[PDB]
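Shown next as structure tokens: one chain only, the form deposited in one PDB entry.
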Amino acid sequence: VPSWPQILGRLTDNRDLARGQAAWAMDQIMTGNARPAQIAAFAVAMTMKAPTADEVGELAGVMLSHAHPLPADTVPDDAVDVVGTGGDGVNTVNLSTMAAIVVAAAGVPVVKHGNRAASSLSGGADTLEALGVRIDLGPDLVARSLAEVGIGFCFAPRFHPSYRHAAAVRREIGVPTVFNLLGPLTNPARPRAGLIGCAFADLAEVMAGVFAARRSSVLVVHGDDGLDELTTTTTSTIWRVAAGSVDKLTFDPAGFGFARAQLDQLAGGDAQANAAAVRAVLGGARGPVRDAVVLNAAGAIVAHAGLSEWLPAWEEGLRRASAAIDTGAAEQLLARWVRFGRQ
């Protein structure tokens, strides 16, 4: 029968787990039945062994089976997510959050999964909070937000309450683990498309495999400068998930007229500074930050288009993203979003 000595021993022997074992482990963790030492041992052993898409899939499956769902028929079939693993260690502005606003304003339904910072000065949730957006809304109100505003935000702690023991262990040991991949893979609203950032190059393919298994239309992105976003300072590696198959690509914004930026141009600060950066971009300020936002917003729209060619999709995505900002639609959407939570 399943046991920690069994599973841990199999991982330390550098062996892939048998079908169901990873699931049993996570369920133990997700039911308060695991000791912190056992949680930590499993997270580390899984990571150092080299996790497969199947194993990480079981982990995410367990989390989603325990998570608060959104009500029936409240999430549009073509909804998209824009979120990353975090942990690239580079203090940038909140590109995923900013891109998500622009995408929603372009008419693409967004149900964003997210969380506070772990190792950065301000995460997506922190910055949205600084903007006046309600981040801790429950299933019913997230559903209403999505319908009325075009965007909703799922706070991971809110929808994954029984993950709190695992989250505590992540904080204690500090080092990244397979757990760091689970946030982007466990959106409780379960959108079928997304632009998903991965800070860990060696694990981006595995995340893509989980999505492929769900037959999602996802672009798993890793900036070759290390960002868990589509970068503008150099090329980005993209694992394109479509038709249940993964396809590795290198992406160069220069092929779309974007100038090479320096990483310090994308730098941000605390929640207030990063919130000011959002208002700046949505306000029509041109520059490095805008470029990075438009590029990422377009990538999400390409992932959305993939639910049903590469070059024309990016061109339309870039057109719609730039237009969403220039018309003021993106700025208006945030205001309407802020107003929603207050009412």
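The numbering used is simple: start at 1 and walk along the sequence shown. Here the rigid core means the biggest group of C-alpha atoms that line up within 1.5 Å when the two forms are laid on top of each other.
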Would you say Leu121 goes unmodelled in a third or more of the other compared entries? yes
inquiry  = I'd like to know whether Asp88, which is modelled here, goes unmodelled in a third or more of the other compared entries that cover its flanking residues.
reply    = yes
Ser308 to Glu309: deposited residues not modelled, binned count -> 1 to 3
The stretch carrying the higher mean Cα B factor in the deposited entry, 41-49 or 65-73, is 65-73
Going by the entry, of stretches 30-38 and 297-305 the one with greater average Cα B-factor is 30-38
For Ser119, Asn180, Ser236, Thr186, the deposited C-alpha B-factor is largest at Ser119
Among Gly132, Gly84, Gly257, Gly124, the highest C-alpha B-factor in the PDB entry belongs to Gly257
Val175: CA temperature factor from the record, placed by chain third, in the middle
Of the three thirds of Cα B-factor ranks in this chain, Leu17 occupies the highest
The third of the chain into which the C-alpha temperature factor of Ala275 falls is the lowest
Tertile call for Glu229 (CA temperature factor, within chain, third-based) is the lowest
Here the Cα B-factor of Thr92, set against its chain, lands in the third termed highest
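There is also a form deposited in another entry; it is not shown, and the following applies to it.
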The one residue in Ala254, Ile173, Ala147, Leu249 whose CA moves 2 Å or more between this form and the one not shown on rigid core superposition is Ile173
Could you tell me whether the Cα atom of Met48 shifts by at least 2 Å between this form and the one not shown after core superposition? yes
